Ligand SMILES: Nc1ncnc2c(CN3C[C@H](CO)[C@@H](O)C3)c[nH]c12
Ligand SMILES: Nc1ncnc2c(CN3C[C@H](CO)[C@@H](O)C3)c[nH]c12
Ligand SMILES: Nc1ncnc2c(CN3C[C@H](CO)[C@@H](O)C3)c[nH]c12
Ligand SMILES: Nc1ncnc2c(CN3C[C@H](CO)[C@@H](O)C3)c[nH]c12
Ligand SMILES: Nc1ncnc2c(CN3C[C@H](CO)[C@@H](O)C3)c[nH]c12
Ligand SMILES: Nc1ncnc2c(CN3C[C@H](CO)[C@@H](O)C3)c[nH]c12
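Residue numbers (my numbering), protein chains in the order written: chain A, 1335 to 1572; chain B, 255 to 490; chain C, 3 to 229; chain D, -16 to 216; chain E, 2 to 232; chain F, 43 to 271.
Take a look at the structure:
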C-alpha cells in the first residue's frame, strides 16, 4: 500500500519496535513474540506483528540513517495509524564513563543533518523523545534491575565523520552517544501527534577503540530488547 | 565577583529559581522564602537567598532574552557553584488546547537564535531540560493537584516576530508555548554538567486573543511558584 | 499599553535615551532632567520623562541583549511615536588603541545574532546608525572638547564568547568595541522611518563620573541639536 | 572486517554495481553473474561477487539515503580497494518528457543534504559523475540500442518532501530525476581517486501520475554491465 | 607588479576614484584631471593618474561585481599603498522618492554575497563607508549646492534578481539604491586601515552623462581635496 | 538592447566564446574570425561576430567573477537567443600534477558564491557543464592531438582567498583548477534550456607557486568543438 510497505491499515500493532539492521528485527520476532506474522518484506525490511504478554506489538527494520528512518516512520504514523515507535538500536559512546555493552535511553537527539531545518524554517528544532516513552523505558530498566543512562544523543549523517573535532565538543556538552536515526524520528512523531522513544546498546566507543567480541553484542542487545518490550507494555494505558 | 553580580561564592544556594521580571524575583523572595537576604542587586536584578521549608533556595531575575540569561546562568554555574536552575516564567501559548493561566513544563526548547549553532560547530543542539528536573516538576504538580502540561517550548529572539507563518508551523508540530530563555539555559547547564528546567504560566496566546481579563495572574503564578518551590526541595 | 510598558502614547518624549542598567537610567534622570517623572516601571525598567535645558527627553532601561532592546525599541517607535533613540551605554574595547574611559560613537554594528538575517531574507543587513545622529554626537563632542572615536561596533549575543578567535578578527578589521545591543536597534529605527544612534564609554578591554558624564553631556547636547 | 561488511580485501571485484534494494541486489547476482558467491550479508545487505562475460564484477545493496550509501561506498573504496562503483537504482522523474520505464544517466546530482557542505568548508561541492563512467554508460546504450537520457539528478534527504515548491524549481532548471544517493557517492569517489556513476530507471513521476521493471530494469542492467566491461580495461 | 596591474608602487595617487565602466574612467580623466597618464590597462581597465587642482588623483575601472572590485581594491591598498578609494558609480533606486539621476552617498552597503561572511566567521559584518569620506562627500555637496541623499545601499550579486520580493523588502527598511560593489569595497579598506566611500547617480528605478554625472564627479573631486588634508 | 549590450537580436551567432579579458576577445576576433564586425563595445566589453570555417561564431568579454558573467550570460541566452557559450579562460591549478600551459576542460564547477543557493532554495546546485559540450571539446582535442585534462573546477568569489586551508581541501578532492565564472554560467544555461561549457589554460599554480602556444591550443580546440555543434 506504500512503495516501502506491502501491508494494509491494521496489519501493524499500534506500537512498533524499530531497528536499523533488518536481521535484528527478524531475531526480535523469532525470539520474543508470540504468534509472529511477516507483514512487510519490501526491500528486505523484515516487519512482523505478534504479541508480547498478550498485547499487540510489531517489530521492523528502518535501515541506516535519517533519510531511511524518515520514510518508514512517516508511513507507519500516517498510513498504518501507529501510535508509538520505539527505536531499539546500537550507538557509539561519547562520555568516558559509558562503555561497550552499556545501555542508553535518549531524552533528545542533536544532529548535523539539514532535515529538521527544512521542516522548521531553517531554525533549531529540538528533536525530543516523548516524555512518556522515556519514563516507561526508565521504569522498565529499573524493574528489570538493568542500569540505564539517560541523556542526549547525536544523530550523525556521517558514520565516518571528517569533522574530527566534533566528538570532543559532544563530550564537553555531555552527549551520551552517537547513532544515525533519532533526530529524524522525534520530529516526525510530533508532526503526527504520536509518540517516539529510543533505547540503545553501546557497540563501540568513539573516543577510544574498545573490546566488543564476535557475539556479545547479543547479551546486552538482549537486555535492551527486554526493557523495550516491558516499556512497550506500560504504554498502552491509554 | 562578576560584572553582573556583587555576591561571593557561597552566597547562592545550590538551587536557584530565575525569572525574566526582577520584580517577580522580589515577590518570590518577599512571599515564599524564609529569612531571605538580598545578595545581588547589580542592575536591579534582585538576587536573594533564604530557605524554603528549611532548605537553601535562591531566586534572581535573568532579564529577557537568550543573551541575558546566558550571562547569568553561566556565571551562576561557573563562579557560584550552583547545581540546579529552574526558570519560573510566563509564556505565549501555541497549542490550541493550552489556554491562558495554564501551566507548562518544558522538556526542551527550540529556537531561532544562533547561539547554540555558535556553541556547536554549526549543527543542531537539542536544548534539553534535565530529565530529573522535569520529573521533579511533574511529581510536585501531581502532589499539589495542579494540572501541568509537558512538552516542547520555543525560545524566540523576536517577541514581535516578522515571520508570521511560524506560529502556525510551531502549532503543526505541537509546540506548547513560546518564551525567550530556555534554549540558552539548557546547554549551559550541560556545559557545567549541572541541571536545569523551565516551568511557565501562560500569559497570552499567539494564535488568537484569549483570557487576558482574568485575575490569575497571581493564582496561576502562585500555583507555578508552589510547584517550583516543591520541586526544588525534591532535588536536594 | 504594552506588555512591557504601562505608559500611554505621549508619556514619552520624541527623544529617548536608553541604557542597559535601569539603575543608571534613574541616576541619569535625576542628574540631568528637570522635573523627571516615572512613566513606566514594568519589569523594573525605570522609564522617566522630563526636560533637559527646556527640551523634552525621556530615559529608560533596555536590558542586556538584542532580543531585549528589540522589544523596547519597537514599542517606542511603534506605539509611543518616539522619533529618536540614542543608546548611552558601556562597551568592551577591541582596538589595541582604545582605552578604559574612552568615548566611542558607533557608525554601525556588526553581529553574531541571527535577528537581522531573519528580518532580511537571510542576507547581510548593515546595522547602521542614523547619519544625522552621528553628526549631532560628533559635533557635540567637538563643542564640548571631549575626545571621541568614530567607527564600527559589534553587538554580541555571547558575552562569554566561546569563539576565542573572534576578538583578534575584530581587531584585524578595526572594530572599535563590543556591546550587545546596537545591531538590534538600528534596523528597527530604519523600519519605522526613525532615528537611532549609540554612544559608549569603555569599561573594559577584551584584549589589552569623568567619562560617564562626558558621554551624557555629549548625548544630551546632540539631543538638543536634533530637536 | 568492517562493522557493515564481513568480507576481506579482495573479496570484492574492482567494479561494484550498487542498488537501494538488497533484494534487487540478490536478484542481479542470481540473474547476471556466473558463479555468484555471497561475500557479505551483514545487515541483510546481499553482497555478491561473480563474473560477467569473463571479467570480475560485484553487486551489493547500499540501503536508502545519503548517510547509508556514504558508509558503504567509503568502505568499498577504502578498505576493499574498489575502483569503480555504478549505482543502478530507480528514480522519480522531474522533466516533462521523461516517463516511467525510461532510463536516465546522471552527469551530476544536486542535494538538500548537508553532507557535502560538511566535507567542503560550507561551500558548494559539485557532486559530479566520473567523466569515464558517463561516456561508458552512454556508449553502451548506443551499442545496445537503448534510449537513455543524460543530465542532472537530485538526491533528496526527504522522500516525502515538505518543500512542495522544490519539484517545480527543479523542473525550471531541467533536473531529470530524483533519488536519494548519488550526491553522497560521487564526492567520495573523488576523495579516494576512484570513479563513480549512476544509472536509474523511472518508477514514478513526482510531478504527476511490477513487470517492467523486468524490461526497463532488464535494459538498465545490460547498459551497466556492458559499461563495466569497457571500464575494467 | 600585479596580475591585474602593470604599474609599480607610486604610479597611483593616494586617492583613487573608481567606477565600473572603463570607458567612463577615460572620460573622467580627460574631463577633470590635468596631465592624466595611462598607468594601467591590463584587461582594458583604463587606469589613469593626474592631478585635480594641483593635488594628485587616480581614476580606474573596477568592472562589475563584488569579486572584481575586491581584486582591484586589495591590490591598490596593499601593493600601491592607496589611502582612500571613492567609488563613483551609478545605481538603481529603491526608495519611492529617490528618482532618476538623483545623487546618493552611501553610509553602508547590504549584500546577498557570501564574501563578508567568508571574511568574518559567517557573522554579520557591517560594510560601512569611512566616516571621514562620508563627511567630505556631504560637505562638498552642500558647498556645491547639489542635493544628495544619504543612507544605506545594497550590493547585489544578481543584477537580474530571481528573488523578486527582495526589492520591496529593501524599500520597507529604507535602502536608498542598489549597486554591485560597495559591500566588497568597505571591509577591504578596514582590513588595510585605509578609507573608502561610495557616491552614486541614479540611472534607473527597480520599483517604478553631463548633468547628474558632472555633479557626482565634482562632489567626489571636491571631497577628494578635503581628504588628503588630514591626511 | 540591454544596459550592457548595444546590439539587437541577430548580431550574435548562436555560439559565443567568452573570456574575462576584453583584450583577449579582441585578440581572438582579429586572429581566428573572418569578417569580424564589432557588435557590442558598451563598457569596453569587446563583442565581435564573424565566421570560422564558414560558420557564425561570436566572441565577447564577460568581466571577472560570477556577478559579471551572470549578467552577460543571461542577456545572451535571453535577448540574443544564443544557444551555446564556451568560456575560454585562464585558471590557477590545484592538483599537484597539473602544470602551467596545461589545458583543463571542466565537467563542473564548485563555488564559494551564494548565487546558486539563492537560485535554488538554499540547497546544492551542481553547476555542471553541458554533456554535449564536454564531448565536443574532448573530441576536438583528440583530433588536434593536444592533451586535455578533464574534471572539476572551482569558481571563487575571492582571488585573494583568506581561507588559506581551502586550496589543500580542493586538492584532497582532486579539483583541477580555480577560476571565477563557470559556476555562474552553467545554471543559467540550464535555466534557458541552452548549453554551456568551459575550457582553460593554466596561468599560475596556487599550491606550489606564452601565454601564446598554449593559448593557441586552447583556441583551436574550442573553435573546433564549436563546429561540431
Ligand atoms: N560509531 C558510530 N557512529 C555513528 N553511529 C553508530 C552506531 C549506531 N548505529 C549503527 C549504524 C551504523 O553503523 C547506524 O544505524 C547507527 C553504532 N556505532 C556508531
Ligand atoms: N508571546 C510571547 N512571545 C515570546 N515570549 C513570551 C513570553 C515569555 N517571556 C515574557 C518576556 C517578553 O514578554 C520574555 O522574558 C519572554 C510570554 N509571552 C510571550
Ligand atoms: N566585554 C564586553 N562584552 C560585551 N558587552 C560589553 C559591554 C557593554 N554592555 C555591558 C552589558 C554586559 O556587561 C551588555 O548589555 C553590553 C561592556 N563590556 C562588554
Ligand atoms: N519519488 C522519489 N523520491 C526520492 N527517490 C525516488 C526513487 C529512487 N530510490 C527509491 C528509494 C525511495 O523509494 C530511494 O532509495 C531512492 C524513486 N522514486 C523516488
Ligand atoms: N538595477 C541595478 N541593479 C544593480 N546595480 C545597478 C547599478 C550600479 N552598477 C551598474 C552595473 C550593472 O549595470 C554594476 O557595475 C553596478 C545601476 N543600476 C543597477
Ligand atoms: N589564482 C587564481 N584564482 C582565481 N582565478 C584565477 C584565474 C582565472 N581567471 C583570471 C581572472 C583573475 O585573474 C578571473 O577571471 C579568473 C587564473 N588564476 C586564478
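A virtual CB, placed ideally from N, CA and C, is assigned to each residue, including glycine.
1) From 432(B), 430(B), 419(B), pick the residue whose C-alpha is nearest to that of residue 1455(A); which is it?
2) For residue 1481(A), which residues in chain B fall below 7 Å Cβ to Cβ?
3) Run down chain D in chain order and give the residues with a C-beta less than 9 Å from the C-beta of residue 163(F).
4) Is there a Cβ of chain H sitting closer than 8 Å to that of residue 151(E), yes or no?
5) Of the residues 223(E), 194(E), 228(E), which one's Cα is nearest the Cα of residue 82(E)?
6) If you measure from the beta carbon of residue 261(F) to each beta carbon in chain E, is any gap under 8 Å?
7) In the DSSP assignment, find the unbroken beta strand (DSSP E) run with residue 1444(A) in it and report its ends.
8) What does residue 226(F) reach in chain D if we use C-beta pairs closer than 9 Å?
9) Applying a beta-carbon distance threshold of less than 7 Å, which residues of chain D neighbour residue 1458(A)?
10) Does residue 428(B) have its Cβ less than 8 Å from a Cβ in chain A?
11) Evaluate residue 169(E) with the Cβ neighbour count: other Cβ atoms within 10 Å of its Cβ, from every protein chain shown; 16 or more gives buried, anything less gives exposed.
12) Taking only beta-carbon atoms, is residue 191(E) less than 8 Å away from chain F?
13) Spell out whether any CB of chain B is found under 8 Å from the CB atom of residue 1(C).
14) Got a sec: does ligand 1 put a non-hydrogen atom nearer than 7 Å to the Cβ of residue 121(D)?
15) Starting from residue 143(E), trace the alpha helix (DSSP H) both ways and give me its first and last residue.
16) Cβ of residue 1404(A) versus every heavy atom of ligand 1: is any distance shorter than 7 Å?
17) For residue 7(E) and chain F, any beta-carbon pair shorter than 8 Å?
18) Show which residues of chain D have a CB atom less than 7 Å away from the CB atom of residue 92(F).
19) May I have the straight-line CA-CA distance separating residue 66(F) from residue 64(E), to the nearest angstrom?
20) Does residue 212(C) pass the burial test, meaning 16 or more other C-beta atoms within 10 Å, or should it be called exposed?
21) Tell me the start and end of each unbroken alpha helix (DSSP H) in the region -6 to 78 of chain D that is at least 4 residues and wholly inside, in chain order.
22) Could you tell me whether the Cβ atoms of residue 1464(A) and residue 1427(A) are closer together than 8 Å?
23) Please go through the same chain and pick out, in chain order, the residues whose beta-carbon is closer than 6 Å to the beta-carbon of residue 1435(A), but skip the five residues on each side of it.
24) Counting only beta-carbon atoms, is residue 69(E) nearer than 8 Å to chain F?
25) List the DSSP bridge partners of residue 157(D).
26) What I want to know is whether the C-beta of residue 4(E) ends up closer than 7 Å to one or more non-hydrogen atoms of ligand 6.
27) Just to confirm before moving on: does the CB-CB distance between residue 41(D) and residue -15(D) stay below 8 Å?
28) So the candidates are 1412(A), 1440(A), 1382(A), 1376(A); which of them puts its Cα closest to the Cα of residue 1482(A)?
29) Between the Cα of residue 142(C) and those of 75(C), 78(C), 220(C), 74(C), spot the shortest distance and give me the residue it belongs to.
30) Terminal residues of the continuous alpha helix (DSSP H) containing residue 213(D)?
31) Which value, in whole angstroms, describes the spacing of the CA atoms of residue 35(C) and residue 52(C)?
32) Nearest-angstrom Cα distance between residue 27(E) and residue 209(C)?
33) Any heavy atom of ligand 2 within a distance shorter than 7 Å of the CB on residue 66(C)?
34) Quick one, are the C-beta atoms of residue 1566(A) and residue 1420(A) less than 8 Å apart?
35) Please report whether the beta-carbon of residue 200(D) lies at a distance below 8 Å from any beta-carbon of chain F.
36) Alpha carbon to alpha carbon, how far is residue 216(E) from residue 147(E)?
Let's see:
1) 419(B)
2) Going along chain B, no residue has its Cβ under 7 Å from residue 1481(A), so there is no contact; the nearest lies around 15 Å.
3) 95, 146, 148, 149, 152
4) You won't find chain H in this structure, because its protein chains are A, B, C, D, E and F.
5) 194(E)
6) no
7) 1437 to 1445
8) Neighbours of residue 226(F) on chain D: none; closest Cβ ~11 Å, over 9 Å.
9) Under the 7 Å cutoff, chain D gives no residues; its nearest Cβ is about 14 Å from residue 1458(A).
10) yes
11) exposed
12) no
13) Missing from the structure shown is residue 1(C); chain C here goes from 3 to 229 and no further.
14) no
15) 132 to 144
16) no
17) no
18) Those do not exist, as residue 92(F) stays about 31 Å from chain D at its closest Cβ, beyond 7 Å.
19) 16 Å
20) exposed
21) 5 to 15, 49 to 61
22) no
23) 1554
24) yes
25) Bridge partners of residue 157(D): none, in fact.
26) yes
27) no
28) 1440(A)
29) 220(C)
30) 199 to 214
31) 6 Å
32) 47 Å
33) no
34) yes
35) no
36) 7 Å
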